[PDB]
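# Structure at a glance
So you can see what is in the structure, the chains are spelled out below.
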Amino acid sequence: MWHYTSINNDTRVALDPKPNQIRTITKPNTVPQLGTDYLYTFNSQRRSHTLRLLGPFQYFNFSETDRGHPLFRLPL
Amino acid sequence: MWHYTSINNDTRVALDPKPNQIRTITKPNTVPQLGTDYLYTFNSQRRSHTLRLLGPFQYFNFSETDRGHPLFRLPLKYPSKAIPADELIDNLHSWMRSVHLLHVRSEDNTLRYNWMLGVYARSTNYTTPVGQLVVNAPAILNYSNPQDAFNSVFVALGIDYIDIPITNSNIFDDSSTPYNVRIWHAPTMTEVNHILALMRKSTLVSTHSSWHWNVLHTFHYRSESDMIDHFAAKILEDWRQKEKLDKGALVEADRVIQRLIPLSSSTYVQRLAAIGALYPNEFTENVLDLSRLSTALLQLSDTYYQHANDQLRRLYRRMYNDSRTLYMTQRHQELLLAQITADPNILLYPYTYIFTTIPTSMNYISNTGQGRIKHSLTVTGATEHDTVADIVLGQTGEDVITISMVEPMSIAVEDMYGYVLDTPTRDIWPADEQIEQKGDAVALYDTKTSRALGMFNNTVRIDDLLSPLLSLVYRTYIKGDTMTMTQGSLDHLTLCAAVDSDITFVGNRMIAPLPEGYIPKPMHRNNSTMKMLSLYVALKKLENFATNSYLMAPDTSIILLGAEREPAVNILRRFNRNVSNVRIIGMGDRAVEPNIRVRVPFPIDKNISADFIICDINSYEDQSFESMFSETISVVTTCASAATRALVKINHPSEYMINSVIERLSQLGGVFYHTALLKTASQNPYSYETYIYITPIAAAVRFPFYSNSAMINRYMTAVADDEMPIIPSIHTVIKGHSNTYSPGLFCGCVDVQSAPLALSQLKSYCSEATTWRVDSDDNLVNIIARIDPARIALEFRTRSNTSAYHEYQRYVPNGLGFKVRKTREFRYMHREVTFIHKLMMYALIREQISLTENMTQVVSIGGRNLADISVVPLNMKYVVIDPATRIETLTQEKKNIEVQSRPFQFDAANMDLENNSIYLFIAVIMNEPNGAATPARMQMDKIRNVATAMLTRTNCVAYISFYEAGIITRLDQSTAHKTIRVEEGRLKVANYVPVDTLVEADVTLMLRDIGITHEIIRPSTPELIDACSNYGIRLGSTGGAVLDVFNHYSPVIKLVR
Amino acid sequence: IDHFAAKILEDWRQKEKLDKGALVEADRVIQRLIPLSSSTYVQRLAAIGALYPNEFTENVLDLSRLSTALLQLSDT
Amino acid sequence: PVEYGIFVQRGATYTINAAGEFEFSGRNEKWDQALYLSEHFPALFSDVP
Ligand SMILES: Nc1nc2c(ncn2[C@@H]2O[C@H](COP(=O)(O)OP(=O)(O)OP(=O)(O)O)[C@@H](O)[C@H]2O)c(=O)[nH]1
Ligand SMILES: Nc1nc2c(ncn2[C@@H]2O[C@H](COP(=O)(O)OP(=O)(O)OP(=O)(O)O)[C@@H](O)[C@H]2O)c(=O)[nH]1
Ligand SMILES: Nc1nc2c(ncn2[C@@H]2O[C@H](COP(=O)(O)OP(=O)(O)OP(=O)(O)O)[C@@H](O)[C@H]2O)c(=O)[nH]1
Ligand SMILES: C[S@@+](CC[C@H](N)C(=O)[O-])C[C@H]1O[C@@H](n2cnc3c(N)ncnc32)[C@H](O)[C@@H]1O
Ligand SMILES: C[S@@+](CC[C@H](N)C(=O)[O-])C[C@H]1O[C@@H](n2cnc3c(N)ncnc32)[C@H](O)[C@@H]1O
Ligand SMILES: [Mg+2]
Ligand SMILES: [Mg+2]
């Protein structure tokens, strides 16, 4: 059992959408669902909120306009 | 059924009220009711309110005063949620009170009420000339003849027309209307002809084939696109209606040709009128996507503009060149004639051509809406392929397809706690056998067991395998949805293992509701938790088999000798909370509290005893065989001395190890030890590690030593592998007829035109192939298709490359799947144990067959649907003799496969064994052709006949699979057999009728009496790894528990000449 | 330092799975970072991170303050 | 600001398609009259919900 047995693959590339899906990668018609679109949690001991977007959105820079949205005002 | 059968009628006229009803058409006294007076709905996704008034009010213009009413302010008042029904009813009712149409009621029964003009005059607040005419002479709204309803207003106004605004059907949107309708003063057909001919001189107008109130009316659109959406909606309407008339069912159609005629329009509308007139097969087939209907129609008109069919192309072109003419099928025209007969002075569009419809034989498959299509590719078909170009599959995102390494197992919660036993066979242990078995054991241990076995044992851990089930039980307990279960039930144990909190029933079969605001964390489990639980359940099942309750008796104790956290000690302590006096403790050298930390063998001072002991000892340190041996021996020694019911682990269960353990229990004074090998469903599927079960019995144990036992062979047959383990590839290039693909699966995407082609090519390897477009607007179809070795062993027997490509091209574009949801394929799919045993059989027989020289053919009697094809080499001819087999003379001729399609005759006089032949009798000997089980004496008899029949042949090799008797003795005592059973002492594999089993000793004695060369072989561990690798299959838990005892007790007789 | 330490945890776990011989869908064979220019303390982190010390498999280090544990380990 | 974000993500303009469907720009460009003769229209007046 010496030899390593592993399927190496570019997961980050795999995460990049086909261009056609970009129109609806937000899934604008339907609400985001917990555990699929996002992963919210609240550490009551630390009193710290933590929202983690799932899928392609896990890698997402935010324009300062995006930060001005009320969703980011919620933890405060 | 050619003639159309339809009752045409002016529905719009029928909707116009008698004048007397106008006073109360609002029903002012009573509230409007949903579904009768109105139809409110709220699309929460679109966040759009939609109120639709019913009855006469569906056609209603609104005065700006009417819009100032609060009822229209409501959708703005509720941006997010649906307007509450009380507010909707109240406001709609008050506005309904607000409306009052002008009229003069009269006794005449022939009269109607020009509702259109009435509401219109109202909405303008009577400022238009029509409004003045109505406000001064309301009686003018009454009418007997429907047409004169307007002629009266035209003669009275001196105008040649009026131009009515159209209603928006939802009353909430106030958006500007796409077009308006213009009612013309044309009482005679000739006046209508003139107005139409003048209408072709002016932009953006169109009209219906026939008009309501029998008065000519022309739509005038404010923009080209508005005309396009209108025309498209009408083409949908006429296409559906014609679809109902074509089926011949009677229809209450408003007019025979529901679609519009452009009088003046852009090119794109003329195209719409042309394909709309064509009634293309593509609508009936659902080939077009209706989500963007007009676009679909434009593309369709494109395909027709240069159609392969000259008739359809010349017909579409002709329809485009003379769009002002209304083309219609002859069956329509006869309906129009019937209508002219019933109402001689009716107006209907004069310019019309009666083309003969062109038949088309191509039935496209289609199904719009969610659901991937799960193709089953045929091996061969009418299409002849020749040197097909490689079909690259595109890269696909994880947004669409994820590839999990293992399929989590779906299973009933009880099944986890099943186990299988294997009792010892040998009555003695001769010293030469000791030296031999020790040689095999030392030589096996010194060079570590197979790397592929380790890759599987570690890829498919039991903990992640059972995870979704446990987390499901925790998830239902957290919502309070769980309720009833027995105090001792296995479901109670799974519950104790799912959640960290103590559970207490409020009474029999009723657990306590969760305290408010309390959501206890899931119980923490390492990989060996469920296994220890199952060994506990096995101990309770071994003290007596009748039990359903699994709680320990009061004043009794258990030990879990291997310990770290030992979560099972906690789950057990929590499982037995209501039982008085139940000690439960872990006791490892690595033990944490509660569990006592202590080395084994126990210190001479310390006193340890229990009614049960679940050892799980396993030194992490690499070590010499002598030390592993002495350590395991001392472990079993103290385990037996300290308890009446030990359940010791053995990490390296070589025949030498287990037999040495039995020799050691034999050496202890005055206490004979009954013993049995064991393996739970909760063990890792691929672990060869085995639980020996010790217990004193007053009698000396006959046949105490093991030899060629199942649990042991699961270990010893595994050895260092000659080749590196087969990692599952994910192929993206589909070469035509290549036979170069490693085990794994094709996965990816292709343009939908190329989709039928790729299915025609992946058919060579993949046995079945799931596909789906992701959206109606997305042209690519995603495709997943795992490689079946049986399909390869079939398709590559000859160089012909036929397929059902002509069928697959019927699929494009809507016919091959749609699913927005991400799909998660596994690199190692679940399979029932019987199937995996069959693949192990095929691997064993195939490797056995490749070794043989100079063999002309393989004759698999009872070969069913070519199931043994994986065994036979691509060269030699294959022959099936199963009556059940379907006949495919094209596939047979093209793939070199003769098929007898008759029952085999086992009588020796009728026998016809060819020289140089390999006769497969894989699990066919045990059943009659109709499927009823043959009695065991008849089975041994037909084996004797196949044996004697082969005695003459110079070169032949039979492979007669059969079940050994010993398995029934083992499944009488075991629990982990969800599939295999023992109805009245007979084996019952899968869905087959129960069948009596042969005894191996009498069979070997019989073959010795025949004098034929023979060998009773069974598939080994490496064959299992070969099956699982080549097929892309993971073993699962219950399958991994029962596979050893089942596969060891399905020997394949190997007759040879 | 915190980045390097998170990566050393990642490569240590991954190598822990490869050493057991189980097939893994690893993104790359060596998950940990290579300093190109860094302080002494990072060079220490890269060194013990490369070592794959038995101490990680044994859980001898405390991961609550991972980088510190790694510094002390590099000391030993 | 929120509805403004939702609106302007769709685009500050649109073009009616040859099929007659609206096709919004997806971009927040300032309008210029040079566009008045262009295929584009201002998005505020689309009357598309
Ligand atoms: N303002 C107003 N418009 C009407 C009235 N009745 C019919 N219409 C309009 O007349 C146009 C053509 O009349 P119809 O032939 O009866 O309706 P249609 O073309 O079959 O299509 P639908 O009205 O959607 O059923 C439609 O677009 C209607 O909007 C009415 O009473 N008042
Ligand atoms: N009736 C009909 N004529 C067409 C169609 N497509 C092209 N034509 C003819 O071709 C001329 C212009 O050709 P194109 O400019 O290529 O058509 P298009 O607007 O680009 O539309 P597409 O063919 O879909 O690209 C028109 O004047 C038509 O007579 C069609 O779909 N239906
Ligand atoms: N690679 C390596 N070199 C060290 C380490 N500790 C000390 N050295 C060497 O010692 C020199 C400085 O020694 P110290 O000043 O005692 O190190 P420190 O920063 O005080 O760290 P500590 O030894 O934990 O007290 C450095 O230039 C290093 O070359 C270590 O943990 N790893
Ligand atoms: C495979 S582990 C499983 C332990 C336990 N089943 C649990 O819940 O984790 C077995 C443990 O037994 C301990 N052990 C090894 N040798 C031992 C010995 N000679 N006597 C007592 N315990 C030992 C080891 O530390 C090892 O961690
Ligand atoms: C176990 S199944 C097929 C064997 C093997 N597992 C396979 O799939 O190829 C055995 C089949 O052989 C057929 N069969 C039963 N008795 C037979 C006989 N006497 N001669 C030929 N075929 C028989 C039955 O119809 C039954 O479906
Ligand atoms: Mg209508
Ligand atoms: Mg990463």
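Residues numbered from 1 in each chain as written, not as in the entry; some residues may be left out. Chains lettered and ligands numbered in written order. Part of a larger assembly, values for the part shown. Heavy atoms only, no water.

Method of determination for the deposited model, per the PDB record: cryo-EM, at 3.1000 Å resolution.

Attention now goes to the site of ligand 4. Residue and element names in this part refer to chain B. Near ligand 4 you find 19 residues, and of these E564, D589, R590, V600 and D616 are the closest. The side chain of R599 places a nitrogen or oxygen atom 3.1 Å from a nitrogen atom of ligand 4. Contact distances for ligand 4 include 3.3 Å between a nitrogen atom and a side-chain N or O atom of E631. When ligand 4 sits alone it has 600 Å² of accessible area, and the protein chains cover 95% of it. Looking at side-chain class alone, the shell around ligand 4 contains seven nonpolar, five polar and seven charged residues. (Near = heavy atom within 4 Å. Polar contact = N/O pair within 3.5 Å; in protein donor to acceptor, adjacent residues only side chain to side chain. Areas by Shrake-Rupley, 256 points an atom, 1.4 Å probe, with all protein chains shown as cover. Nonpolar A, V, L, I, M, F, W, Y, C, P; charged D, E, K, R; others polar.)

Once that is clear, we can look at the packing of aromatic side chains. Evaluation of the coordinates by the stated rule reveals 44 aromatic pairs over all chains. With a centroid separation of 5.2 Å and 80° between ring planes, the pair formed by B:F456 and B:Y828 is classed as edge-to-face. With B:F456 in helix α16 (residues 451–459) and B:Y828 in the loop between β32 (823–826) and β33 (829–830), this pair connects stretches of sequence that are 372 residues apart. Each member of the pair, B:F456 as well as B:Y828, is classed as buried. Among the aromatic side chains, those forming a connected cluster through ring pairs are B:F57, B:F60, B:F62, B:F72, B:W95 and B:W115. The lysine or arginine in question, C:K15, covers the ring of C:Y52, its NZ or CZ lying 4.3 Å from the ring centre. (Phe/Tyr/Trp six-rings, centres within 6.5 Å; stacked < 30°, edge-to-face > 60°. Helix = DSSP H or I, 4+ residues; strand = E, 2+ residues; numbered from the N terminus. Buried < 20%, exposed > 50% of the residue type's maximum accessible area, 1.4 Å probe, protein only. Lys NZ or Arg CZ within 6 Å of the ring centre and 35° of its normal.)

Residues and elements named next belong to chain B. Surveying the vicinity of ligand 2 reveals the residues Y268, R271, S301, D302, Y305, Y316 and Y320. Contact between ligand 2 and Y268: an oxygen atom at 3.2 Å from a side-chain N or O atom of the residue. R271 places a side-chain nitrogen or oxygen 3.4 Å from a nitrogen atom of ligand 2. For ligand 2, whose accessible area on its own is 600 Å², the fraction buried by protein is 50%. When residues of the shell around ligand 2 are traced back to their parent elements, those giving at least two are α10 (267–278), α12 (293–305) and α13 (310–321). If one sorts the elements of the shell around ligand 2 by residue count, α12 sits on top with three residues. Partitioned by chemical class, the residues of the shell around ligand 2 number four nonpolar, one polar and two charged.

The next point concerns the interface of chain B and chain A. Chain B puts 26 residues into the contact, and the matching count from chain A is 19 residues. Overall, the association of chain B and chain A removes approximately 1,800 Å² of surface from exposure, summing both partners, and the carbon and sulfur fraction of that is 56%. If you sort the residues of chain B by the area they bury against chain A, B:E398, B:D399 and B:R451 come out on top, with a joint share of 30%. Between chain B and chain A we count one salt bridge in total. (Contact = heavy atoms within 4.5 Å. Buried area = accessible area lost by both parts, 1.4 Å probe. Salt bridge = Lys/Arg side-chain N within 4 Å of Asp/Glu carboxyl O.)

So, on to the sheet that holds strand β26 (residues 729–731) of chain B. Residue and element names in this part refer to chain B. Spatially, five strands are ordered β12-β29-β30-β28-β26 in an open sheet, and the strand pairing comes out mixed. Taken across any chain shown, the strands that pair with only one partner, and hence form the sheet edges, are β12 (373–375) and β26. For this sheet the average axis-to-axis angle between neighbouring strands, irrespective of direction, equals 20°. By the bridge criterion, three bridges tie β26 to strand β28 (residues 744–751) in an arrangement that is parallel. Residue pairing in the sheet places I730 in a bridge with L745 of β28. Against the sheet, helix α25 (residues 755–762) touches β12, β28, β29 (769–773) and β30 (780–786), its axis set at about 10° to β30. (Pairing = 2+ DSSP bridges. Axes fitted to C-alpha atoms, helices over the stretch in contact; angles between N-to-C directions.)

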